[PDB]
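Atoms within each ligand, like the ligands themselves, are counted from 1 in listed order. Nothing fancy with the numbering, it's 1 onward along the sequence.
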Amino acid sequence: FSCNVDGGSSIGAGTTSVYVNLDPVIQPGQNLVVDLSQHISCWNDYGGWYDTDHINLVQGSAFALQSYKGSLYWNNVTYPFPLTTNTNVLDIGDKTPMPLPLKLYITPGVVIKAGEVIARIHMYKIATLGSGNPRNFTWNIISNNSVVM
Ligand SMILES: CC(=O)N[C@H]1[C@H](Oc2cccc(C(F)(F)F)c2-c2ccc(F)cc2)O[C@H](CO)[C@H](O)[C@@H]1O
(Lines give C-alpha, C1' and ligand atoms only; values in the text may rest on other atoms or scores of the structure.)
Protein backbone atom coordinates (compact mmCIF):
# COMPACT_ATOMS: atom_id res chain seq x y z
CA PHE A 1 0.00 0.00 0.00
CA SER A 2 1.32 3.42 -1.01
CA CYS A 3 0.19 7.02 -1.35
CA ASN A 4 1.48 10.21 -2.89
CA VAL A 5 0.83 13.94 -2.67
CA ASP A 6 0.23 15.99 -5.82
CA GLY A 7 1.41 13.05 -7.87
CA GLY A 8 4.81 12.87 -6.21
CA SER A 9 6.95 10.03 -4.98
CA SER A 10 5.48 7.01 -3.25
CA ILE A 11 4.86 7.08 0.50
CA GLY A 12 4.63 3.89 2.56
CA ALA A 13 4.21 5.36 6.03
CA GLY A 14 5.00 8.40 8.10
CA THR A 15 4.28 12.11 8.11
CA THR A 16 3.93 14.16 4.94
CA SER A 17 3.14 17.80 4.29
CA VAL A 18 0.05 18.41 2.15
CA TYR A 19 -0.08 21.95 0.75
CA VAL A 20 -3.50 23.45 0.04
CA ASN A 21 -4.91 26.68 -1.35
CA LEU A 22 -7.32 28.42 1.00
CA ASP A 23 -9.75 31.27 0.47
CA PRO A 24 -7.58 34.34 1.19
CA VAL A 25 -10.58 36.22 2.60
CA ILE A 26 -12.84 34.80 5.30
CA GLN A 27 -15.45 36.70 7.26
CA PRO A 28 -16.34 35.93 10.90
CA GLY A 29 -18.89 33.14 10.54
CA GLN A 30 -17.77 31.79 7.15
CA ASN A 31 -16.85 28.18 6.35
CA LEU A 32 -13.57 27.11 4.73
CA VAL A 33 -13.48 23.93 2.62
CA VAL A 34 -10.25 21.96 2.16
CA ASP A 35 -10.67 19.27 -0.51
CA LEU A 36 -7.84 16.82 0.14
CA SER A 37 -8.98 14.61 -2.75
CA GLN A 38 -7.18 17.19 -4.90
CA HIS A 39 -3.85 16.23 -3.32
CA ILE A 40 -3.70 12.82 -1.61
CA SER A 41 -4.01 9.58 -3.58
CA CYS A 42 -3.36 6.00 -2.55
CA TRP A 43 -3.20 2.63 -4.23
CA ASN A 44 -2.70 -1.09 -3.77
CA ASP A 45 0.83 -2.11 -4.64
CA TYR A 46 -0.19 -5.44 -6.21
CA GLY A 47 -3.50 -4.55 -7.84
CA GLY A 48 -6.19 -7.01 -8.75
CA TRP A 49 -7.76 -6.98 -5.26
CA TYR A 50 -5.27 -9.67 -4.25
CA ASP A 51 -4.21 -8.31 -0.82
CA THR A 52 -6.79 -5.59 -0.30
CA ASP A 53 -5.86 -2.56 1.78
CA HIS A 54 -8.22 -1.15 4.40
CA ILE A 55 -7.73 2.44 5.44
CA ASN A 56 -9.46 4.68 7.95
CA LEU A 57 -8.80 7.98 9.67
CA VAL A 58 -7.98 7.88 13.33
CA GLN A 59 -9.39 9.29 16.53
CA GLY A 60 -7.40 12.29 17.68
CA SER A 61 -6.91 13.85 14.25
CA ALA A 62 -7.32 17.54 14.93
CA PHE A 63 -6.55 21.10 14.03
CA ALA A 64 -3.13 22.51 14.90
CA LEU A 65 -6.51 26.57 14.85
CA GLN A 66 -6.75 24.33 17.90
CA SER A 67 -9.88 26.20 19.02
CA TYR A 68 -11.72 25.79 15.71
CA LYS A 69 -14.79 23.64 15.14
CA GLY A 70 -15.23 21.71 11.96
CA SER A 71 -16.26 18.65 10.06
CA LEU A 72 -14.29 15.96 8.29
CA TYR A 73 -15.82 14.22 5.30
CA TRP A 74 -14.46 10.72 4.69
CA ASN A 75 -15.82 8.10 2.34
CA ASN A 76 -19.56 8.80 2.47
CA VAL A 77 -19.71 10.04 6.10
CA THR A 78 -19.27 13.51 7.59
CA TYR A 79 -17.70 13.36 11.05
CA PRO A 80 -17.32 16.09 13.64
CA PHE A 81 -13.73 17.34 13.62
CA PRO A 82 -11.51 16.93 15.54
CA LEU A 83 -12.14 13.20 15.26
CA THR A 84 -13.35 11.62 18.50
CA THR A 85 -13.74 8.17 16.91
CA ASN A 86 -12.19 6.25 14.05
CA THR A 87 -13.88 6.68 10.70
CA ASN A 88 -15.36 4.05 8.42
CA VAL A 89 -13.00 1.94 6.32
CA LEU A 90 -12.17 2.56 2.67
CA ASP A 91 -10.94 -0.50 0.78
CA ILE A 92 -8.23 -0.10 -1.86
CA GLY A 93 -7.29 -2.94 -4.20
CA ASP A 94 -6.46 -1.31 -7.54
CA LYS A 95 -2.99 -0.24 -8.60
CA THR A 96 -4.41 2.92 -10.15
CA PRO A 97 -4.11 5.82 -7.68
CA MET A 98 -7.34 6.65 -5.88
CA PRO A 99 -7.77 10.25 -4.70
CA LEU A 100 -8.84 10.05 -1.08
CA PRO A 101 -12.55 10.96 -0.55
CA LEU A 102 -11.52 13.43 2.13
CA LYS A 103 -12.60 17.00 2.81
CA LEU A 104 -12.05 19.21 5.83
CA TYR A 105 -14.61 21.89 6.72
CA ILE A 106 -13.26 24.69 8.91
CA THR A 107 -15.30 27.28 10.81
CA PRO A 108 -12.93 29.72 12.61
CA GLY A 109 -5.98 40.28 10.64
CA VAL A 110 -4.19 37.15 9.46
CA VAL A 111 -5.95 34.10 10.89
CA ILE A 112 -4.07 31.36 9.01
CA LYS A 113 -0.43 31.80 8.02
CA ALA A 114 1.07 30.39 4.86
CA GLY A 115 3.33 27.49 5.79
CA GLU A 116 1.78 26.68 9.17
CA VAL A 117 0.27 23.27 9.88
CA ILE A 118 -3.47 23.79 10.30
CA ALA A 119 -4.49 20.15 10.79
CA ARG A 120 -2.92 16.77 11.48
CA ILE A 121 -4.87 13.86 10.00
CA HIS A 122 -3.81 10.37 11.09
CA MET A 123 -4.60 7.56 8.66
CA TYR A 124 -4.30 3.87 9.48
CA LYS A 125 -3.73 1.10 6.95
CA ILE A 126 -4.05 -2.64 7.39
CA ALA A 127 -4.27 -5.12 4.52
CA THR A 128 -5.80 -8.59 4.29
CA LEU A 129 -3.14 -11.31 4.07
CA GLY A 130 -1.02 -12.36 7.02
CA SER A 131 -0.72 -9.62 9.61
CA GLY A 132 -1.93 -7.04 7.12
CA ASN A 133 1.37 -5.16 7.68
CA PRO A 134 -0.26 -2.19 9.38
CA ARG A 135 1.04 1.29 8.72
CA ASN A 136 0.50 4.76 10.11
CA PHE A 137 0.35 7.87 7.96
CA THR A 138 -0.02 11.45 9.12
CA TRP A 139 -1.09 14.18 6.71
CA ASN A 140 0.04 17.61 7.90
CA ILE A 141 -2.23 20.08 6.13
CA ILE A 142 -0.47 23.37 5.29
CA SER A 143 -1.89 26.48 3.63
CA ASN A 144 -0.07 27.91 0.63
CA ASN A 145 -1.42 31.40 1.36
CA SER A 146 -2.52 33.75 4.11
CA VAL A 147 -6.15 33.76 5.20
CA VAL A 148 -7.29 37.08 6.66
CA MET A 149 -10.38 38.02 8.63
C1 LIG B 1 5.04 -5.24 4.11
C2 LIG B 1 3.86 -4.52 3.41
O3 LIG B 1 3.60 -3.37 3.69
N4 LIG B 1 3.08 -5.29 2.44
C5 LIG B 1 1.94 -4.65 1.75
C6 LIG B 1 2.33 -4.56 0.26
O7 LIG B 1 3.39 -3.71 0.19
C8 LIG B 1 4.09 -3.72 -1.03
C9 LIG B 1 3.82 -4.57 -2.07
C10 LIG B 1 4.62 -4.49 -3.26
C11 LIG B 1 5.67 -3.52 -3.34
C12 LIG B 1 5.92 -2.66 -2.27
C13 LIG B 1 7.05 -1.62 -2.34
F14 LIG B 1 7.70 -1.77 -3.55
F15 LIG B 1 6.54 -0.37 -2.25
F16 LIG B 1 7.93 -1.87 -1.31
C17 LIG B 1 5.14 -2.76 -1.11
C18 LIG B 1 5.31 -1.87 0.15
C19 LIG B 1 6.09 -2.32 1.24
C20 LIG B 1 6.21 -1.52 2.38
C21 LIG B 1 5.53 -0.28 2.43
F22 LIG B 1 5.64 0.51 3.54
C23 LIG B 1 4.74 0.15 1.35
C24 LIG B 1 4.63 -0.66 0.21
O25 LIG B 1 1.23 -4.07 -0.56
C26 LIG B 1 -0.06 -4.82 -0.30
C27 LIG B 1 -1.09 -4.23 -1.21
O28 LIG B 1 -0.96 -2.84 -1.20
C29 LIG B 1 -0.40 -4.76 1.17
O30 LIG B 1 -0.51 -3.41 1.64
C31 LIG B 1 0.67 -5.42 1.97
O32 LIG B 1 0.37 -5.37 3.38
Side-chain angles (χ1 to χ4, degrees), residues 1-24 26 31-65 67-68 70-108 111-147:
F1 178 81
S2 298
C3 305
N4 63 3
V5 178
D6 296 335
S9 59
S10 181
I11 305 164
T15 300
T16 309
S17 292
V18 180
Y19 285 90
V20 304
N21 298 325
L22 299 180
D23 294 315
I26 188 171
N31 194 288
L32 257 163
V33 184
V34 188
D35 180 356
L36 294 176
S37 85
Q38 293 183 38
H39 306 284
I40 312 169
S41 291
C42 303
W43 58 92
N44 186 290
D45 278 303
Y46 297 134
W49 299 87
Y50 161 79
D51 183 7
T52 296
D53 297 305
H54 314 287
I55 64 177
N56 65 270
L57 303 185
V58 183
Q59 181 191 65
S61 300
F63 295 118
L65 298 75
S67 59
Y68 290 8
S71 303
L72 182 153
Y73 175 82
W74 169 261
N75 192 40
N76 296 306
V77 180
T78 302
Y79 300 85
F81 192 77
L83 292 184
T84 73
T85 192
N86 294 349
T87 70
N88 71 73
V89 171
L90 175 63
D91 316 285
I92 291 180
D94 202 301
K95 209 148 171 191
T96 291
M98 185 198 177
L100 294 189
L102 173 62
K103 300 186 178 80
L104 181 60
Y105 297 86
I106 312 181
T107 8
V111 64
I112 296 167
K113 292 175 179 167
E116 85 171 301
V117 179
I118 61 180
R120 303 173 195 280
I121 299 171
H122 175 203
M123 182 177 93
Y124 179 76
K125 167 263 169 167
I126 192 169
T128 301
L129 300 179
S131 71
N133 295 297
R135 309 283 181 162
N136 291 294
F137 297 73
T138 296
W139 308 110
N140 283 352
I141 314 308
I142 297 172
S143 181
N144 280 320
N145 53 278
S146 310
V147 181

Compare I11, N44, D45 and give the one whose heavy atom is closest to atom 11 (C) of ligand 1.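 Shortest heavy-atom distance from atom 11 (C) of ligand 1: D45.
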Among all protein non-hydrogen atoms, which one is nearest to [atom], and what is the separation to 0.1 Å?
atom                    : value
atom 29 (C) of ligand 1 : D53 OD1, 3.3 Å
atom 6 (C) of ligand 1  : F1 N, 3.7 Å
atom 31 (C) of ligand 1 : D51 OD2, 3.4 Å
atom 10 (C) of ligand 1 : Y46 CE2, 3.4 Å
atom 4 (N) of ligand 1  : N133 ND2, 3.5 Å
atom 3 (O) of ligand 1  : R135 NH2, 2.9 Å

Counting each atom of ligand 1 from 1 as listed, which ones have a heavy atom of [X] under 4.0 Å away?
X    : answer
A127 : 29 (C), 30 (O), 32 (O)
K125 : 3 (O), 5 (C), 29 (C), 30 (O), 31 (C), 32 (O)
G12  : 22 (F), 23 (C)

With the side chain counted from C-beta on, respond yes when [X] and [Y] share a heavy-atom pair under 4.5 Å apart, and no when they do not.
X    : Y   : answer
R120 : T15 : no
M98  : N44 : no
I55  : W74 : yes

Short question: side chain of [X], backbone of [Y] - any donor-acceptor pair under 3.5 Å?
X   : Y    : result
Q59 : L83  : no
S61 : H122 : yes
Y73 : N76  : yes

Test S2 against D45 for side-chain hydrogen bond (donor to acceptor under 3.5 Å, both in side chains), laying out the working first. CA-CA 7 Å; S2 298; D45 278 303; 2.7 Å; yes
Please report whether the ring centroid of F63 lies less than 6.0 Å from that of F81.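 Yes: the rings meet the under 6.0 Å criterion.
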Any non-hydrogen protein atom less than 4.0 Å away from atom 14 (F) of ligand 1: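 For atom 14 (F) of ligand 1 the answer is no, since every protein heavy atom stays at 4.0 Å or beyond.
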Does some non-hydrogen atom of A13 fall short of 4.0 Å from ligand 1?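 The answer is no: ligand 1 sits nowhere under 4.0 Å from a heavy atom of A13.
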Side chain, backbone, both or neither: which applies to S2 and ligand 1 if a contact is any heavy-atom pair less than 4.0 Å apart?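 Looking at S2 and ligand 1, just side chain atoms fall under 4.0 Å.
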Evaluate the side-chain hydrogen bond (donor to acceptor under 3.5 Å, both in side chains) criterion for residues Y79 and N88: first the C-alpha distance (whole Å), next the side-chain angles of each, then the deciding distance (0.1 Å), finally the verdict. CA-CA 10 Å; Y79 300 85; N88 71 73; 3.0 Å; yes
